[PDB]
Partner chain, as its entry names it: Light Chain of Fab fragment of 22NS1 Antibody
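Only one chain is shown below, in structure tokens, and it's the form deposited without its partner chain.
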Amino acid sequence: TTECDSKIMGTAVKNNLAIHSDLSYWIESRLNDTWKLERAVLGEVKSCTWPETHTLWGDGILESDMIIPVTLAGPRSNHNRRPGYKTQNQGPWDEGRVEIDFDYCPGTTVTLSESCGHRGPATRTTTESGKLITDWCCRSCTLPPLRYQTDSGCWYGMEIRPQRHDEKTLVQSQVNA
């Protein structure tokens, strides 16, 4: 356990946009009906504690609701939330640069259905051979879906699963936070 360097660290909220940022993290939460996470640019994923001194809206937080895990320098902030999503302990955190937003991966769809599997490791939309997986689902997430963008392609949040079970060479996250 340790605390992130606050030397180059800027946290600001103004005009319906809240930002938590440092040298490698840029996290944006916005007000549209309600406040929620909108974008996160993580140059490199790191492991430290985001200092409370630079944390907005940090009263009574549910750690399991923190989209970016608190162990991964995710701000202990209610801005670090999105309805229908829990902490992304099995996101593609080992891919290097990782960008999070809430939007569909190109060529794919996501459907709310009770017939969907549980939260699992984040899955890339393209197989090893580059084949696209088009049909996805989630049990109780909200739309637009949680999306990851790394150097190898586009991924979905833990809540979003491929709804076909004959998917073979699936590329998934192997990390556990």
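Residue numbers count along the first chain shown, from 1.
Just so you know, the form solved in complex with its partner chain exists too; it's not on screen, but the next bit is about it.
- Contact annotation for the candidate site: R97, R147 and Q149 all lie away from its partner chain in the deposited complex (no heavy atom within 4.5 Å).
- When you look in the deposited complex, the only residue of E44, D65, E128, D135 with a non-hydrogen atom within 4.5 Å of its partner chain is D65.
- When contacts are judged by a 4.5 Å heavy atom cut-off, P83 counts as touching its partner chain in the deposited complex.
- With a 4.5 Å cutoff on heavy atoms, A40 does not count as touching its partner chain in the deposited complex; it lies far away.
- By the criterion of a heavy atom within 4.5 Å, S140 is counted among the residues contacting its partner chain in the deposited complex.
- Its partner chain is not shown here, but in the deposited complex it comes within 4.5 Å of a heavy atom of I61.
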